[PDB]
Amino acid sequence: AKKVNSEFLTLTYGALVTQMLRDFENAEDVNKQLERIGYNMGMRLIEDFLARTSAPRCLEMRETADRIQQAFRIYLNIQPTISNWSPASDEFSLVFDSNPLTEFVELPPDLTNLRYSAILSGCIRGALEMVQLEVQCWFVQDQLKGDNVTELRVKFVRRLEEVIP
Amino acid sequence: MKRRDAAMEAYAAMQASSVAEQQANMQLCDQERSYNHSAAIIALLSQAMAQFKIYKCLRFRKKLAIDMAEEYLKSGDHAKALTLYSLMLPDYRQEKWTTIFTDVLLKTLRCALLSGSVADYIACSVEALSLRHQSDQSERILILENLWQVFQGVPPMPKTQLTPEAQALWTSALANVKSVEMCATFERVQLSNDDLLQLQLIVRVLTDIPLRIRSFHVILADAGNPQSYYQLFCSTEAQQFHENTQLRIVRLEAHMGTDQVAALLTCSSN
Amino acid sequence: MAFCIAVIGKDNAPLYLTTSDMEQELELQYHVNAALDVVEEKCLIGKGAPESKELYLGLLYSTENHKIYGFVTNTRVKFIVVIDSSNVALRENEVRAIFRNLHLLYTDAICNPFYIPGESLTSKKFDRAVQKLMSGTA
Amino acid sequence: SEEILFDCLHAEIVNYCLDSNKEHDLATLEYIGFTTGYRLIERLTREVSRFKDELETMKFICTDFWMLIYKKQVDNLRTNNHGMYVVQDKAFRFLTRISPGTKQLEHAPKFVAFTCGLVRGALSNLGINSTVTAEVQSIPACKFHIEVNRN
């Protein structure tokens with residue numbers, strides 16, 4: 001019994017999105033502020049993830065995908081199928097058969113533009129600017145939007161390097 | 001009940017062209033035609049009523065009561081059906097579940113029009129228009145017309161059912177009869193005998209159809225001393241009354257369209 | 001055979017669906033069935049049905065060829081189906097399983113925050129899962 | 001373990017500090033969360049009787065919940081002369097992340113609000129009937145007094 005410890009985040013995040021909604025009617029506010037708070041979140045968890053894994057750093061793209069799928073595996077307990085590889089291979093698609101942030105919130109959030117993975121964006125984004133990766137993120141497909149399966153698409157841009165020590 | 005329905009069937013098979021003594025069988029039916037009063041039905045309902053009331057089972061006995069009223073409807077005996085429905089309808093609104101609430105509501109419409117307790121008729125019709133969105137809009141419009149008719153007292157439109165006798169019966173009515181939601185709020189109460197209150201009462205119509213924007217009324221109160229969205233001028237408070245009295249109106253009684261919502265829909269204060 | 005799957009809050013009927021092993025109940029039994037279910041629930045609640053343990057109540061009511069089961073959550077939620085027979089081949093352990101799953105879907109919809117508690121179960125995705133439970137039982 | 005996700009997410013729960021509501025979170029988080037906790041409770045040692053009533057103290061469900069959630073039961077669990085009562089803990093899990101100096105009390109009640117306004121039951125001490133306020137006198141020592149909503 002009491003196997004699943006974590007079905008409380010799918011409803012904590014639900015409370016977040018509902019109250020952000022009731023505060024600001026705009027569908028994109030509850031996306032961007034939610035993304036920046038999930039960004040600080042990613043800052044806060046990448047430190048512990050590297051504390052356990054002791055990975056050197058994401059100097060390469062495939063190893064970065066491995067580290068990120070490992071991060072999802074350890075905390076959010078989902079297996080990101082790394083697919084859709086670009087010929088330049090600067091980008092890769094994360095295939096989540098089951099959303100880990102939610103467990104069946106519902107397919108209609110009554111209205112579109114309600115980006116339901118903004119923390120996930122922070123989850124993927126924040127760590128990068130902490131592991132020194134100036135990287136852009138965006139979602140190519142969301143099963144929650146009436147779709148079969150959720151794919152994310154994250155594009156590294158500039159190797160963040162420390163300056164003027 | 002099925003007895004009486006089968007009696008109706010018996011009349012039906014009688015409405016056919018109707019040798020082994022089937023006429024005596026038909027005479028059987030004639031004998032059976034005698035026990036068609038179905039008042040004994042009502043009495044058995046009464047016993048079941050009381051019997052379940054024995055352990056104080058209010059809901060079940062109440063629904064048998066709506067059964068009774070439905071039967072009086074079948075018998076065409078609108079009066080006591082209306083009586084029991086009159087008891088039930090506040091109850092059903094208290095059960096907050098509008099569906100059967102509305103179903104017995106149109107039952108009451110029939111009951112009151114047949115009876116002519118048009119005060120009760122319009123009370124149920126108006127609390128029905130309150131949240132009538134489960135029903136047809138055009139019938140809401142017709143019923144709103146009926147509302148203005150009865151407020152004028154002129155005969156209501158559902159003449160599609162009406163027949164002249166009960167029509168006159170309720171024409172007699174309303175000589176004696178004497179007397180959708182919005183919100184009341186207060187920007188300031190408990191004054192220093194200098195303040196000035198104003199219209200903080202937001203008059204809202206939840207009916208899709210509008211009610212004619214006729215007029216307004218405010219009623220003064222005496223505690224301690226004696227002293228879609230539509231808003232229009234009322235200047236409810238400009239009279240500089242004495243301090244520390246929160247005059248919260250019992251009921252709105254502004255003249256929108258007609259007199260009022262009368263059936264008990266008014267809020268307290270801020 | 002027909003089942004009416006119903007969740008019940010304090011006084012209303014949030015979600016009732018009148019289905020059969022073939023399709024929805026074509027018979028004009030909607031209002032009568034709803035009224036019978038509400039009266040049975042109210043009387044049983046007044047008697048004791050409000051209790052801590054998840055309350056099993058088989059054949060707590062018996063209409064014309066429709067036998068009712070009530071279930072109680074400590075969160076004050078009720079659940080009803082009927083079987084269109086005085087006798088038909090089925091079980092009760094299946095009832096236990098199906099209303100356990102009904103609770104599971106209930107709380108998984110309760111996960112949906114846009115659903116404020118005490119409302120009709122609007123989502124056709126959730127409702128199609130419910131009618132999939134229907135197919136599971138009829 | 002799966003604790004740091006909730007710890008951080010709750011830190012951001014605090015983080016948005018809009019000047020409208022002392023409840024950064026409404027009781028909705030409560031309802032859904034202990035509804036999942038009730039999913040955990042498919043068995044509870046309460047009798048099956050329809051003719052008899054047996055009460056499941058909210059204290060016991062509170063402690064088992066806490067082991068499932070906060071992972072440290074009550075240290076003081078006092079039954080007030082009313083139907084209400086009070087819970088006192090020398091330390092709190094979210095408060096283990098901060099020193100005992102009284103600097104920002106107001107966060108911790110928002111933390112523990114997760115047990116406030118829980119979808120109730122009929123009988124006294126029946127498991128979930130919860131109206132409660134947080135009155136914390138010491139930083140690790142979190143105190144919470146319930147009030148019977150009825151009467």
# chains A, B, ... in the order shown; residues from 1 in each chain; ligands from 1
>>> interface_residues(of="chain C", to="chain B", cutoff="8 Å", atoms="only C-alpha atoms", output="list in words")
residues 11, 12, 13, 31, 35, 39, 40, 42 and 43 of chain C
>>> closest_atom_pairs(of="chain C", to="chain A", cutoff="10 Å", atoms="only C-alpha atoms", output="CSV")
residue,atom,partner,partner_atom,distance
C:105,CA,A:104,CA,9.6
C:108,CA,A:104,CA,6.6
C:109,CA,A:105,CA,6.9
C:110,CA,A:105,CA,8.4
C:111,CA,A:11,CA,5.4
C:112,CA,A:105,CA,4.5
C:113,CA,A:14,CA,5.4
C:114,CA,A:18,CA,6.8
C:115,CA,A:106,CA,9.6
C:123,CA,A:108,CA,7.6
C:124,CA,A:107,CA,9.1
C:125,CA,A:107,CA,7.0
C:126,CA,A:106,CA,7.7
>>> write_last_selection(atoms="C-alpha atoms", output="PDB file, in the first residue's frame")
ATOM      1  CA  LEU C 105     -12.075   8.320 -11.215  1.00  0.00           C
ATOM      2  CA  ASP C 108      -8.866  11.835 -10.429  1.00  0.00           C
ATOM      3  CA  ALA C 109     -11.491  14.310 -11.612  1.00  0.00           C
ATOM      4  CA  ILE C 110     -11.230  16.046  -8.238  1.00  0.00           C
ATOM      5  CA  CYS C 111      -7.642  16.464  -9.396  1.00  0.00           C
ATOM      6  CA  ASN C 112      -9.027  18.758 -12.108  1.00  0.00           C
ATOM      7  CA  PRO C 113      -8.988  22.095 -10.253  1.00  0.00           C
ATOM      8  CA  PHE C 114     -11.267  23.811 -12.772  1.00  0.00           C
ATOM      9  CA  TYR C 115     -13.839  21.412 -11.365  1.00  0.00           C
ATOM     10  CA  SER C 123     -15.762  16.626 -19.010  1.00  0.00           C
ATOM     11  CA  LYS C 124     -16.605  14.289 -21.875  1.00  0.00           C
ATOM     12  CA  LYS C 125     -13.214  12.629 -21.323  1.00  0.00           C
ATOM     13  CA  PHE C 126     -14.077  11.834 -17.720  1.00  0.00           C
TER      14      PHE C 126
END
>>> closest_atom_pairs(of="chain D", to="chain C", cutoff="8 Å", atoms="only C-alpha atoms", output="CSV")
residue,atom,partner,partner_atom,distance
D:28,CA,C:113,CA,7.6
D:32,CA,C:111,CA,6.1
D:35,CA,C:107,CA,6.5
D:36,CA,C:107,CA,7.0
D:39,CA,C:104,CA,7.4
D:42,CA,C:54,CA,7.6
D:43,CA,C:53,CA,7.8
D:44,CA,C:53,CA,6.3
D:45,CA,C:53,CA,7.8
D:46,CA,C:53,CA,5.5
D:47,CA,C:53,CA,7.0
D:48,CA,C:53,CA,6.9
D:50,CA,C:48,CA,6.1
D:51,CA,C:48,CA,6.8
D:52,CA,C:48,CA,7.8
D:53,CA,C:51,CA,6.8
D:54,CA,C:52,CA,7.5
D:55,CA,C:52,CA,6.8
D:56,CA,C:52,CA,6.7
D:119,CA,C:75,CA,5.7
D:120,CA,C:75,CA,6.4
D:121,CA,C:74,CA,6.4
D:122,CA,C:50,CA,6.6
D:123,CA,C:51,CA,7.5
D:126,CA,C:52,CA,5.8
D:127,CA,C:52,CA,7.0
D:128,CA,C:74,CA,7.5
>>> write_last_selection(atoms="N, CA and C atoms", output="compact mmCIF listing (two decimals), in the first residue's frame")
# COMPACT_ATOMS: atom_id res chain seq x y z
N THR D 28 -8.33 24.50 -1.71
CA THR D 28 -8.43 23.52 -2.79
C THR D 28 -7.26 22.54 -2.75
N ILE D 32 -7.91 18.41 -2.43
CA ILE D 32 -7.45 17.41 -3.39
C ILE D 32 -6.38 16.54 -2.74
N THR D 35 -7.78 14.14 -0.38
CA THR D 35 -8.55 13.19 -1.17
C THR D 35 -7.65 12.09 -1.70
N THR D 36 -6.44 12.47 -2.14
CA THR D 36 -5.45 11.46 -2.48
C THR D 36 -5.05 10.65 -1.25
N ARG D 39 -7.55 8.12 -0.88
CA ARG D 39 -7.18 7.02 -1.76
C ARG D 39 -6.21 6.08 -1.06
N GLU D 42 -7.88 3.02 1.84
CA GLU D 42 -8.93 2.12 1.38
C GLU D 42 -9.33 1.16 2.49
N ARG D 43 -8.46 1.02 3.49
CA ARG D 43 -8.80 0.35 4.74
C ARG D 43 -8.64 1.33 5.89
N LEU D 44 -9.63 1.34 6.79
CA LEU D 44 -9.51 2.06 8.05
C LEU D 44 -10.21 1.23 9.12
N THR D 45 -9.59 1.14 10.29
CA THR D 45 -10.06 0.25 11.35
C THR D 45 -11.30 0.87 12.00
N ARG D 46 -12.37 0.94 11.22
CA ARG D 46 -13.67 1.42 11.70
C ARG D 46 -14.72 0.38 11.35
N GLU D 47 -15.62 0.12 12.30
CA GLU D 47 -16.57 -0.98 12.18
C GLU D 47 -17.48 -0.79 10.97
N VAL D 48 -18.07 -1.89 10.53
CA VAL D 48 -18.90 -1.95 9.33
C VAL D 48 -20.35 -1.63 9.63
N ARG D 50 -24.03 -0.50 10.18
CA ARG D 50 -24.99 0.55 9.84
C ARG D 50 -25.82 0.99 11.04
N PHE D 51 -26.02 0.10 12.03
CA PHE D 51 -26.81 0.45 13.20
C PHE D 51 -26.00 1.11 14.30
N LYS D 52 -24.67 1.07 14.22
CA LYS D 52 -23.83 1.62 15.27
C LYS D 52 -22.82 2.58 14.68
N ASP D 53 -22.43 3.56 15.48
CA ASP D 53 -21.47 4.57 15.08
C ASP D 53 -20.17 4.40 15.87
N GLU D 54 -19.06 4.39 15.14
CA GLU D 54 -17.72 4.36 15.71
C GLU D 54 -16.91 5.48 15.09
N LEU D 55 -16.17 6.20 15.93
CA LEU D 55 -15.52 7.43 15.53
C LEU D 55 -14.04 7.19 15.26
N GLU D 56 -13.55 7.78 14.17
CA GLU D 56 -12.13 7.73 13.84
C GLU D 56 -11.50 9.09 14.09
N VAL D 119 -12.56 18.54 3.99
CA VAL D 119 -13.93 18.09 3.74
C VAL D 119 -14.37 17.17 4.86
N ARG D 120 -15.38 17.61 5.60
CA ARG D 120 -15.61 17.11 6.95
C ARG D 120 -16.36 15.78 6.96
N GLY D 121 -16.67 15.35 8.18
CA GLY D 121 -17.57 14.24 8.43
C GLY D 121 -18.65 14.67 9.40
N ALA D 122 -19.62 13.79 9.63
CA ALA D 122 -20.75 14.14 10.49
C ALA D 122 -20.40 14.00 11.97
N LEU D 123 -19.89 12.84 12.37
CA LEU D 123 -19.66 12.56 13.78
C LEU D 123 -18.38 13.25 14.27
N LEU D 126 -14.29 11.87 13.56
CA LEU D 126 -14.62 10.90 12.51
C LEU D 126 -13.56 10.84 11.38
N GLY D 127 -12.42 11.51 11.53
CA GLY D 127 -11.30 11.35 10.63
C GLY D 127 -10.87 12.60 9.87
N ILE D 128 -11.81 13.42 9.39
CA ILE D 128 -11.47 14.48 8.45
C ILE D 128 -12.14 15.82 8.75
>>> residues_around(residues="segment 167-172 of chain B", least_positions_apart="3", cutoff="10 Å", atoms="only C-alpha atoms", output="list in words")
residues 112, 113, 114, 115, 116, 117, 118, 119, 153, 154, 155, 156, 159, 162, 163, 164, 175 and 176 of chain B
>>> select_by_dssp(residues="segment 9-89 of chain D", states="alpha helix (DSSP H)", output="PyMOL selection string")
chain D and resi 9-15+27-40+58-68
>>> closest_residue(among="A:131, A:165, A:85, A:33", to="residue 55 of chain A", atoms="only C-alpha atoms")
A:131
>>> select_by_dssp(residues="segment 1-137 of chain C", states="strand (DSSP E or B)", output="PyMOL selection string")
chain C and resi 2-8+15-20+24+55-63+66-73+77-84
>>> closest_atom_pairs(of="segment 46-117 of chain A", to="segment 5-9 of chain D", cutoff="12 Å", atoms="only C-alpha atoms", output="CSV")
residue,atom,partner,partner_atom,distance
A:46,CA,D:5,CA,11.3
A:48,CA,D:5,CA,10.8
A:49,CA,D:5,CA,11.4
A:71,CA,D:5,CA,11.7
A:72,CA,D:5,CA,11.5
A:74,CA,D:5,CA,10.8
A:75,CA,D:5,CA,7.3
A:76,CA,D:5,CA,8.7
A:77,CA,D:5,CA,11.9
A:101,CA,D:5,CA,10.7
>>> closest_atom_pairs(of="chain D", to="chain A", cutoff="9 Å", atoms="only C-alpha atoms", output="CSV")
residue,atom,partner,partner_atom,distance
D:1,CA,A:75,CA,7.6
D:2,CA,A:75,CA,6.2
D:4,CA,A:45,CA,7.7
D:5,CA,A:75,CA,7.3
D:6,CA,A:9,CA,7.2
D:8,CA,A:41,CA,6.3
D:9,CA,A:41,CA,7.0
D:10,CA,A:12,CA,8.8
D:11,CA,A:41,CA,8.8
D:12,CA,A:37,CA,6.6
D:13,CA,A:16,CA,7.9
D:15,CA,A:37,CA,8.4
D:16,CA,A:37,CA,8.8
D:24,CA,A:19,CA,8.7
D:25,CA,A:15,CA,7.3
D:26,CA,A:15,CA,7.7
D:28,CA,A:15,CA,6.6
D:29,CA,A:12,CA,5.7
D:30,CA,A:12,CA,9.0
D:32,CA,A:11,CA,6.4
D:33,CA,A:8,CA,5.4
D:34,CA,A:8,CA,8.7
D:36,CA,A:7,CA,6.9
D:37,CA,A:2,CA,8.9
D:39,CA,A:2,CA,8.8
D:40,CA,A:2,CA,5.7
D:41,CA,A:2,CA,8.7
D:68,CA,A:5,CA,7.8
D:69,CA,A:5,CA,8.4
>>> write_last_selection(atoms="N, CA and C atoms", output="tab-separated table (two decimals), in the first residue's frame")
chain	number	residue	atom	x	y	z
D	1	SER	N	14.93	11.67	-2.07
D	1	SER	CA	13.58	11.13	-2.26
D	1	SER	C	12.65	12.16	-2.89
D	2	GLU	N	11.38	11.80	-2.97
D	2	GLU	CA	10.38	12.67	-3.58
D	2	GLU	C	9.88	13.70	-2.57
D	4	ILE	N	12.00	16.80	-2.18
D	4	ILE	CA	12.59	18.08	-2.57
D	4	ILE	C	11.73	18.78	-3.60
D	5	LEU	N	11.02	18.02	-4.44
D	5	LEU	CA	10.07	18.62	-5.37
D	5	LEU	C	9.00	19.41	-4.63
D	6	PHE	N	8.38	18.79	-3.63
D	6	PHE	CA	7.36	19.51	-2.88
D	6	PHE	C	7.97	20.65	-2.08
D	8	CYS	N	10.66	22.60	-2.78
D	8	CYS	CA	10.84	23.74	-3.66
D	8	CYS	C	9.51	24.30	-4.13
D	9	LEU	N	8.63	23.47	-4.69
D	9	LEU	CA	7.36	23.96	-5.19
D	9	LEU	C	6.61	24.77	-4.14
D	10	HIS	N	6.67	24.34	-2.88
D	10	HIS	CA	6.06	25.12	-1.81
D	10	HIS	C	6.83	26.41	-1.54
D	11	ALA	N	8.15	26.38	-1.70
D	11	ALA	CA	8.91	27.62	-1.59
D	11	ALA	C	8.41	28.65	-2.59
D	12	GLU	N	8.17	28.24	-3.84
D	12	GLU	CA	7.55	29.16	-4.80
D	12	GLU	C	6.11	29.49	-4.44
D	13	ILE	N	5.35	28.52	-3.92
D	13	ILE	CA	4.03	28.85	-3.36
D	13	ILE	C	4.12	30.09	-2.50
D	15	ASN	N	6.62	32.18	-2.68
D	15	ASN	CA	7.36	33.24	-3.36
D	15	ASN	C	6.45	34.31	-3.94
D	16	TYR	N	5.41	33.93	-4.69
D	16	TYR	CA	4.46	34.93	-5.15
D	16	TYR	C	3.74	35.50	-3.93
D	24	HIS	N	-1.82	32.50	0.11
D	24	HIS	CA	-1.22	32.20	-1.19
D	24	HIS	C	-1.83	30.94	-1.79
D	25	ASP	N	-2.27	30.02	-0.94
D	25	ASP	CA	-3.01	28.84	-1.38
D	25	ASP	C	-4.38	28.80	-0.73
D	26	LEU	N	-5.38	28.45	-1.52
D	26	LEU	CA	-6.73	28.23	-1.03
D	26	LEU	C	-6.89	26.78	-0.57
D	28	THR	N	-8.33	24.50	-1.71
D	28	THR	CA	-8.43	23.52	-2.79
D	28	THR	C	-7.26	22.54	-2.75
D	29	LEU	N	-6.04	23.05	-2.55
D	29	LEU	CA	-4.90	22.17	-2.37
D	29	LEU	C	-5.18	21.16	-1.26
D	30	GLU	N	-5.69	21.65	-0.13
D	30	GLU	CA	-6.15	20.78	0.94
D	30	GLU	C	-7.06	19.68	0.40
D	32	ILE	N	-7.91	18.41	-2.43
D	32	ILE	CA	-7.45	17.41	-3.39
D	32	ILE	C	-6.38	16.54	-2.74
D	33	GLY	N	-5.51	17.16	-1.93
D	33	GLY	CA	-4.42	16.42	-1.33
D	33	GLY	C	-4.90	15.34	-0.37
D	34	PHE	N	-5.78	15.70	0.57
D	34	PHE	CA	-6.21	14.62	1.45
D	34	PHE	C	-7.23	13.73	0.77
D	36	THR	N	-6.44	12.47	-2.14
D	36	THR	CA	-5.45	11.46	-2.48
D	36	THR	C	-5.05	10.65	-1.25
D	37	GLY	N	-4.90	11.32	-0.11
D	37	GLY	CA	-4.62	10.60	1.12
D	37	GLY	C	-5.71	9.60	1.47
D	39	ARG	N	-7.55	8.12	-0.88
D	39	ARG	CA	-7.18	7.02	-1.76
D	39	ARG	C	-6.21	6.08	-1.06
D	40	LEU	N	-5.24	6.64	-0.33
D	40	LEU	CA	-4.38	5.78	0.48
D	40	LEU	C	-5.19	5.03	1.53
D	41	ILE	N	-6.25	5.65	2.06
D	41	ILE	CA	-7.10	4.98	3.03
D	41	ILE	C	-8.20	4.22	2.31
D	68	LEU	N	2.81	9.95	6.41
D	68	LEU	CA	2.78	9.86	4.96
D	68	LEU	C	3.24	11.15	4.30
D	69	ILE	N	3.09	12.29	4.98
D	69	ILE	CA	3.40	13.59	4.41
D	69	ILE	C	4.51	14.29	5.19
>>> atom_distance(atom1="atom CA of residue 136 of chain A", atom2="atom CA of residue 14 of chain D")
27.1 Å
